[PDB]
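Participant: What follows is the file entry.cif, containing mmCIF, C-alpha atoms:
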data_work
#
loop_
_atom_site.label_atom_id
_atom_site.label_comp_id
_atom_site.auth_asym_id
_atom_site.auth_seq_id
_atom_site.Cartn_x
_atom_site.Cartn_y
_atom_site.Cartn_z
CA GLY A 1 0.00 0.00 0.00
CA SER A 2 1.38 3.36 -1.11
CA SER A 3 1.95 5.81 1.74
CA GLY A 4 -0.60 8.56 2.30
CA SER A 5 -4.03 6.94 2.18
CA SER A 6 -4.29 4.63 5.19
CA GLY A 7 -6.73 3.56 7.89
CA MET A 8 -6.86 2.54 11.55
CA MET A 9 -9.28 -0.39 11.30
CA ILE A 10 -8.65 -2.92 14.07
CA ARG A 11 -9.81 -5.83 11.92
CA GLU A 12 -6.91 -5.15 9.56
CA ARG A 13 -4.28 -4.43 12.22
CA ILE A 14 -5.19 -7.78 13.77
CA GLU A 15 -4.79 -9.88 10.63
CA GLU A 16 -2.00 -7.80 9.10
CA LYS A 17 -0.06 -8.86 12.19
CA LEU A 18 -1.02 -12.54 12.32
CA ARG A 19 0.05 -12.79 8.67
CA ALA A 20 3.70 -12.47 9.69
CA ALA A 21 3.03 -13.40 13.31
CA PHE A 22 2.46 -17.09 12.54
CA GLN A 23 1.96 -17.19 8.77
CA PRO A 24 -0.85 -19.79 8.82
CA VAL A 25 -2.83 -21.09 5.84
CA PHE A 26 -6.23 -19.53 6.54
CA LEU A 27 -7.17 -16.11 7.92
CA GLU A 28 -10.47 -14.28 8.38
CA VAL A 29 -11.80 -11.88 11.02
CA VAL A 30 -15.45 -11.03 11.68
CA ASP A 31 -15.81 -7.45 12.92
CA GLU A 32 -19.17 -5.97 13.90
CA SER A 33 -19.92 -2.25 13.63
CA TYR A 34 -22.49 -0.17 15.53
CA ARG A 35 -26.05 -1.41 15.06
CA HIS A 36 -28.06 0.63 17.56
CA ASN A 37 -27.85 4.35 18.35
CA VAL A 38 -28.00 3.87 22.12
CA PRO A 39 -24.60 3.60 23.87
CA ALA A 40 -23.45 0.00 24.24
CA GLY A 41 -20.69 -0.65 26.75
CA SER A 42 -21.29 -4.20 27.96
CA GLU A 43 -19.95 -6.69 25.41
CA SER A 44 -18.11 -6.48 22.09
CA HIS A 45 -19.01 -9.34 19.74
CA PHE A 46 -15.80 -10.41 17.98
CA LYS A 47 -14.55 -13.53 16.22
CA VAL A 48 -11.38 -14.56 14.38
CA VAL A 49 -10.47 -17.57 12.24
CA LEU A 50 -6.95 -18.97 11.93
CA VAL A 51 -6.10 -22.47 10.71
CA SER A 52 -2.68 -23.84 11.65
CA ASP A 53 -1.04 -27.20 12.33
CA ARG A 54 0.57 -25.82 15.50
CA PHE A 55 -2.90 -26.34 16.98
CA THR A 56 -2.56 -30.10 16.53
CA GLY A 57 -4.79 -31.03 19.45
CA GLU A 58 -2.21 -29.49 21.77
CA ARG A 59 -4.33 -27.51 24.23
CA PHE A 60 -7.46 -25.36 24.54
CA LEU A 61 -5.80 -22.43 26.29
CA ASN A 62 -2.47 -22.60 24.46
CA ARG A 63 -4.52 -21.59 21.42
CA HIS A 64 -5.17 -18.18 22.99
CA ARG A 65 -1.85 -17.64 24.78
CA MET A 66 -0.16 -17.72 21.37
CA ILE A 67 -2.64 -15.39 19.67
CA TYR A 68 -2.99 -12.91 22.54
CA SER A 69 0.79 -12.69 22.90
CA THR A 70 0.82 -11.14 19.43
CA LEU A 71 -1.99 -8.63 19.97
CA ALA A 72 -1.36 -8.49 23.72
CA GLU A 73 -2.11 -4.77 23.95
CA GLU A 74 -3.12 -4.18 20.33
CA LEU A 75 -6.44 -5.89 21.05
CA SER A 76 -6.58 -4.79 24.69
CA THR A 77 -6.79 -1.28 23.27
CA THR A 78 -10.48 -1.46 22.40
CA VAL A 79 -11.19 -5.19 22.28
CA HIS A 80 -11.35 -7.29 25.46
CA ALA A 81 -12.99 -10.63 24.67
CA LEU A 82 -12.55 -12.63 21.47
CA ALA A 83 -13.75 -16.06 20.34
CA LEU A 84 -10.72 -17.73 18.77
CA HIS A 85 -11.43 -20.58 16.35
CA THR A 86 -8.22 -22.52 15.74
CA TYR A 87 -8.64 -25.53 13.46
CA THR A 88 -6.35 -28.11 11.85
CA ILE A 89 -5.76 -29.00 8.21
CA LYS A 90 -7.58 -32.33 8.48
CA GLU A 91 -10.53 -31.15 10.57
CA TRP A 92 -10.91 -28.43 7.94
CA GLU A 93 -10.67 -30.89 5.05
CA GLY A 94 -14.11 -32.01 6.17
CA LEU A 95 -15.44 -29.85 8.99
CA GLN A 96 -19.11 -30.19 8.05
CA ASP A 97 -19.09 -32.94 5.43
CA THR A 98 -17.76 -36.32 6.56
CA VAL A 99 -16.81 -39.23 4.29
CA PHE A 100 -17.24 -42.79 5.57
CA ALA A 101 -13.54 -43.65 5.68
CA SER A 102 -12.96 -46.66 7.93
CA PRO A 103 -10.05 -48.74 6.56
CA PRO A 104 -9.22 -52.17 8.05
CA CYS A 105 -6.37 -52.56 10.55
CA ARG A 106 -3.42 -54.95 10.48
CA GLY A 107 -1.62 -57.14 13.01
#
Could you write out this structure as structure tokens?
Facilitator:
Amino acid sequence: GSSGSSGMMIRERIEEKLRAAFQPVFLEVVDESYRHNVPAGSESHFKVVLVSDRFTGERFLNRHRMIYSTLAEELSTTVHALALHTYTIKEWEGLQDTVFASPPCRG
């Protein structure tokens, strides 16, 4: 991006970082803008998708510790809670659809 015209959108800052942060295979963030006029200061719906092998059924918390570390403060700035969705290559290969693959075993 040529200098000059730029923005301060969190959604971008988040990904833009992860890109080089881990350099996974998949990346997609779901940001939600203001919907109602009234002031809302209770919760901030936010979700992020990042597929990586590193999440090979290692841990449930370790999935956040790694992410947070990157956007430790970056996110803490305005965002507080986030629903991380770390998946694996396989699981992704057939998240919804599932093929009946049950090969026989050997001695």
Participant: Using all atoms listed in the file, which of A:87, A:4, A:32, A:107 sits nearest residue 59 in chain A?
Facilitator: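 Among the listed residues, A:87 lies closest to residue 59 in chain A.
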Participant: On this structure, which residues satisfy the PyMOL selection byres ((chain A and resi 31) around 9), written as an mmCIF file with C-alpha atoms, in the frame of the given file?
Facilitator:
data_model
loop_
_atom_site.group_PDB
_atom_site.id
_atom_site.type_symbol
_atom_site.label_atom_id
_atom_site.label_comp_id
_atom_site.auth_asym_id
_atom_site.auth_seq_id
_atom_site.Cartn_x
_atom_site.Cartn_y
_atom_site.Cartn_z
ATOM 1 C CA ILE A 10 -8.650 -2.920 14.070
ATOM 2 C CA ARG A 11 -9.810 -5.830 11.920
ATOM 3 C CA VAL A 29 -11.800 -11.880 11.020
ATOM 4 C CA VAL A 30 -15.450 -11.030 11.680
ATOM 5 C CA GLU A 32 -19.170 -5.970 13.900
ATOM 6 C CA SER A 33 -19.920 -2.250 13.630
ATOM 7 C CA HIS A 45 -19.010 -9.340 19.740
ATOM 8 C CA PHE A 46 -15.800 -10.410 17.980
ATOM 9 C CA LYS A 47 -14.550 -13.530 16.220
ATOM 10 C CA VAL A 48 -11.380 -14.560 14.380
#
Participant: Evaluated on this file, the PyMOL selection byres ((chain A and resi 53) around 12) picks out some residues - which ones are they, written as a PDB file with C-alpha atoms, in the frame of the given file?
Facilitator:
ATOM      1  CA  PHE A  22       2.460 -17.090  12.540  1.00  0.00           C
ATOM      2  CA  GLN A  23       1.960 -17.190   8.770  1.00  0.00           C
ATOM      3  CA  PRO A  24      -0.850 -19.790   8.820  1.00  0.00           C
ATOM      4  CA  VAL A  25      -2.830 -21.090   5.840  1.00  0.00           C
ATOM      5  CA  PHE A  26      -6.230 -19.530   6.540  1.00  0.00           C
ATOM      6  CA  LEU A  50      -6.950 -18.970  11.930  1.00  0.00           C
ATOM      7  CA  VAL A  51      -6.100 -22.470  10.710  1.00  0.00           C
ATOM      8  CA  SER A  52      -2.680 -23.840  11.650  1.00  0.00           C
ATOM      9  CA  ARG A  54       0.570 -25.820  15.500  1.00  0.00           C
ATOM     10  CA  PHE A  55      -2.900 -26.340  16.980  1.00  0.00           C
ATOM     11  CA  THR A  56      -2.560 -30.100  16.530  1.00  0.00           C
ATOM     12  CA  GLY A  57      -4.790 -31.030  19.450  1.00  0.00           C
ATOM     13  CA  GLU A  58      -2.210 -29.490  21.770  1.00  0.00           C
ATOM     14  CA  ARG A  63      -4.520 -21.590  21.420  1.00  0.00           C
ATOM     15  CA  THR A  86      -8.220 -22.520  15.740  1.00  0.00           C
ATOM     16  CA  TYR A  87      -8.640 -25.530  13.460  1.00  0.00           C
ATOM     17  CA  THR A  88      -6.350 -28.110  11.850  1.00  0.00           C
ATOM     18  CA  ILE A  89      -5.760 -29.000   8.210  1.00  0.00           C
ATOM     19  CA  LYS A  90      -7.580 -32.330   8.480  1.00  0.00           C
ATOM     20  CA  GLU A  91     -10.530 -31.150  10.570  1.00  0.00           C
ATOM     21  CA  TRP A  92     -10.910 -28.430   7.940  1.00  0.00           C
TER      22      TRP A  92
END
Participant: Taking the file as shown, what set of residues would the PyMOL selection byres ((chain A and resi 14) around 10) give back, as a ChimeraX atom specification?
Facilitator: /A:9-13,15-19,21,28-29,48,67,70-71,74-75
Participant: By how many Å are CA of residue 61 in chain A and CA of residue 27 in chain A apart?
Facilitator: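 Value for the CA of residue 61 in chain A-CA of residue 27 in chain A distance: 19.5 Å.
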Participant: To one decimal place in Å, what is the distance between CA of residue 20 in chain A and CA of residue 49 in chain A?
Facilitator: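 So the answer is 15.3 Å.
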Participant: What box, with edges along x, y and z, holds each listed atom of range 68-76 of chain A when 3 Å is added on every side, and can you state its centre and edge lengths in Å to one decimal, as AutoDock Vina command-line options?
Facilitator:
--center_x -2.9 --center_y -8.5 --center_z 22.1 --size_x 13.4 --size_y 14.7 --size_z 11.3
Participant: In Å, with one decimal, what is the gap from CA of residue 41 in chain A to CA of residue 73 in chain A?
Facilitator: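 Between these atoms lies a distance of 19.2 Å.
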Participant: Reconstruct N, CA and C atoms of range 67-83 of chain A from the incomplete input and present them as a compact mmCIF listing (two decimals), in the coordinates of the input.
Facilitator:
# COMPACT_ATOMS: atom_id res chain seq x y z
N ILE A 67 -2.00 -16.50 20.36
CA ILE A 67 -2.64 -15.39 19.67
C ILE A 67 -2.50 -14.10 20.47
N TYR A 68 -3.05 -14.09 21.68
CA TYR A 68 -2.99 -12.91 22.54
C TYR A 68 -1.58 -12.31 22.54
N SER A 69 -0.59 -13.14 22.86
CA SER A 69 0.79 -12.69 22.90
C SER A 69 1.07 -11.69 21.79
N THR A 70 0.62 -12.01 20.58
CA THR A 70 0.82 -11.14 19.43
C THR A 70 0.12 -9.80 19.62
N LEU A 71 -1.20 -9.85 19.77
CA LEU A 71 -1.99 -8.63 19.97
C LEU A 71 -2.24 -8.38 21.45
N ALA A 72 -1.24 -8.69 22.28
CA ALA A 72 -1.36 -8.49 23.72
C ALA A 72 -2.11 -7.20 24.04
N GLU A 73 -1.50 -6.07 23.70
CA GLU A 73 -2.11 -4.77 23.95
C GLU A 73 -2.94 -4.31 22.76
N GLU A 74 -2.43 -4.56 21.56
CA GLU A 74 -3.12 -4.18 20.33
C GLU A 74 -4.63 -4.37 20.48
N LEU A 75 -5.03 -5.58 20.87
CA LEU A 75 -6.44 -5.89 21.05
C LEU A 75 -6.98 -5.27 22.34
N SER A 76 -6.18 -5.34 23.40
CA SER A 76 -6.58 -4.79 24.69
C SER A 76 -6.98 -3.33 24.56
N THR A 77 -6.48 -2.68 23.51
CA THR A 77 -6.79 -1.28 23.27
C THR A 77 -8.29 -1.01 23.34
N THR A 78 -9.04 -1.63 22.43
CA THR A 78 -10.48 -1.46 22.40
C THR A 78 -11.20 -2.79 22.63
N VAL A 79 -10.61 -3.87 22.13
CA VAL A 79 -11.19 -5.19 22.28
C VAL A 79 -10.75 -5.83 23.60
N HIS A 80 -11.64 -6.62 24.19
CA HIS A 80 -11.35 -7.29 25.46
C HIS A 80 -11.53 -8.80 25.33
N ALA A 81 -12.70 -9.21 24.85
CA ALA A 81 -12.99 -10.63 24.67
C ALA A 81 -13.06 -10.99 23.19
N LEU A 82 -12.54 -12.17 22.85
CA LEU A 82 -12.55 -12.63 21.47
C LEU A 82 -12.69 -14.15 21.41
N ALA A 83 -13.53 -14.63 20.50
CA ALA A 83 -13.75 -16.06 20.34
C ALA A 83 -12.84 -16.64 19.26
